[PDB]
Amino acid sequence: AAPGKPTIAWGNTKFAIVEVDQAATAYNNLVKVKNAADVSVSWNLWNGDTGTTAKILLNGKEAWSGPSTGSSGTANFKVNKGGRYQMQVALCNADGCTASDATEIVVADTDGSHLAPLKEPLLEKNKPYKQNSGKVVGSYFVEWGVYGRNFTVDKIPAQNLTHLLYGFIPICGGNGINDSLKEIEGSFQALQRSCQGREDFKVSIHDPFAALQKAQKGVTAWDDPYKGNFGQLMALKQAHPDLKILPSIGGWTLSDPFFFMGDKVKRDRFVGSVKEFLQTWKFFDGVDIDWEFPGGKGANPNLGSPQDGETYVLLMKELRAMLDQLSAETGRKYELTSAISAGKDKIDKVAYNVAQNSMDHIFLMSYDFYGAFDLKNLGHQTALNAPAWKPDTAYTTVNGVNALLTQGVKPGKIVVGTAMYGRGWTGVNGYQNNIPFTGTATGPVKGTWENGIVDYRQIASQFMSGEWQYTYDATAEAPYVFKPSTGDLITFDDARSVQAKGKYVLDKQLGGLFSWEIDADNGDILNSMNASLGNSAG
């Protein structure tokens, strides 16, 4: 007779090719990349002959075999490809093979091959669009947004984007390297802990809990190898295999290390760390460099050098040569992008007409033109054009785009920025002709999360009734609201100014639109990005 039918023993059924150590705070110990998951299966035979060979089958295919020597057995073996597999134990002799019922096992890998797709309904005012314009539609999701802002990856309207950027991946370094972090309580210390034992100028993860461990929809079981933003982004990639998910390195507070990269030793180390990061976290499709800014005038008043333009171009060229090696190894297309100042004074510190040859997209940061950081000179923070009362206004979207075009940047590379937030002032006074921007302020407006800044959701929700005036400036293409009794003035993007930007993008053959930051929209802003670029509804 053939052998008795074995019963699979109860035991762990989730294993990982890239393992996350659940009690480690240092990135180097937290993440263990293996060539294959170490899988274990045990079985008992309660009736009959145990056979002479025992096999572990994954979807019918043998992963292990050995002699069947008793009523219970254990197999330890390696599986080098992620997925959910119907595992069976089979006992075989000369008279045939008898297979157990199947038990599903998980062999996790960071492409999310082991995850059910994260396909979540659109929330708030988001309406469905098809990505058929061939234009970029991007937004940034922030790692720390899962706490107070309570905005998680399952809340992203992912069908309505071509690009989803993850803010932000830090670069390791302590004193003198990441001093701008010190302005945020605990932030510099969290980075030193993540980077313990790791060389400076290598990338890391700033908050490994939020990235890998915090329970979230789809990744809530204790034994799920990946949880947090990264586990959900893996599942999101399964739902949206054409969405480009880019890790963004830098931003306002994490840009200091770039200013050292004129040293090719550091720059090589950084580039090699990026390659390793993309080999480790397979759901990412490239890299976004948000260096704020070559030449300085970013967060750190002690950094900035005339050499920065040359460093920027060398960095983009070497990142591209690294991505072309990675693309060759994997067959995938990887993108290289950068978010850049939209101010002509910062733009002309870099030869973008040379760097564009390495890059897929330039994310033009056509926002933060004005704000509570200057109480004396007020203006539209994200306007397309200058306003009628000051046509020589330096900081407008069109001035930034024209600066690039005059360098010789191809229009199709340029992605125009929209704000999902307003900036504002309180106590505005001394203005003429009913134009509050001609006055001066005494402070920042009360903000949603920080002074001087309000989520677009809150503007739409809270500041469109009672005493608040609303005006759409059609020369600048820019809405604002004003409460004259307190002098509260807020400058923002809305559906209409976004429509004007999209129209302009199409008119000038630019690359598309992107936004900061996705948690702050109620749907209005992203809906308008999609519609104005000509994406079809549905």
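For every residue, the number given is its place in the sequence shown, counted from 1.
- Note on 267-275 vs 71-79: mean CA B-factor is higher in 71-79.
- Per the PDB record, of the two stretches 110-118 and 180-188, 180-188 carries the greater mean B-factor over its C-alpha atoms.
- Of the candidates 40, 59, 44, 47, it is 47 whose Cα B-factor is highest according to the PDB record.
- As recorded in the entry, 123 carries the highest CA temperature factor of 315, 123, 414, 90.
- In this PDB entry, the Cα temperature factor of residue 2 sits in the middle third of its chain's modelled residues.
- Among the modelled residues of its chain, residue 512 has a C-alpha B-factor that falls in the middle third according to the deposited record.
- Sorting the modelled residues of the chain by their CA temperature factor places residue 487 in the highest third.
- Sort the modelled residues of the chain by CA B factor and residue 522 lands in the highest third.
- In the deposited entry, the Cα temperature factor of residue 497 places it in the middle third of its chain's modelled residues.
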